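# Need coordinates for the following:
(2 chains)
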Amino acid sequence: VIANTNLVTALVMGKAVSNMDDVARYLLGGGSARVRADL
Amino acid sequence: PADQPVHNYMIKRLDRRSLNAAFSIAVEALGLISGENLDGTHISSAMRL
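Residues are numbered from 1 along each chain as shown, chains lettered A, B, ... in the order given. The coordinates are given below.
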């Protein structure tokens, strides 16, 4: 989901990135189941 | 010749007018205000505002 960092760029700029949060953090310093199948 | 006093009565009628002004608003904002075209996102409210 786009949230709190891609939000502003998607709104004003026009682009968005999947992991923009980690990019920004880097440029500045900062359940299972069991089914029946055949193997 | 002498003169007697004079009296008189009179009436004035009103004049009537009116004003006007339009205020048209859009359909997208109408549906975004009520919630009819809302969404569960972080991008809907950003435009409802």
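
# Nearest to chain A within chain B, name that residue for me.
Per C-beta to the nearest C-beta, residue B:42 is where chain B lies closest to chain A, at 5.3 Å. In short, each C-beta sits where N, CA and C put it, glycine included.

# In which helix or strand does the nearest residue to that residue once chain neighbours are set aside reside?
Nearest in space to residue B:42, with sequence neighbours left out and distances taken as C-beta to C-beta, 6 or more residues apart in numbering or on different chains, is residue A:3 at 5.3 Å. Assignment of secondary structure by DSSP states H and E places residue A:3 within no helix or strand.

# Return the distance of residue A:3 relative to residue A:18.
12 Å (C-beta to C-beta, to the nearest Å).

# Verify the stated contact: the residue nearest to residue B:42 with residue B:41.
No - between residue A:3 and residue B:41 there is no contact under C-beta atoms under 8 Å: 9.5 Å.

# Spatially nearest residue to residue B:31 (excluding sequence neighbours)?
Residue B:31 sits nearest to residue B:37 (C-beta to C-beta, 6+ apart), 3.5 Å away.

# In this structure that neighbour contacts residue B:26, no?
No - judged on C-beta under 8 Å, residue B:37 makes no contact with residue B:26 at a distance of 11.6 Å.

# who's more crowded, the two?
residue B:37 (14 against 8; other C-beta atoms under 10 Å in any protein chain shown).

# Mind checking which of residue A:3 and residue B:41 has more residues around it?
Per other C-beta under 10 Å, whichever of residue A:3 and residue B:41 has more neighbours is residue B:41, with 13 against 10.
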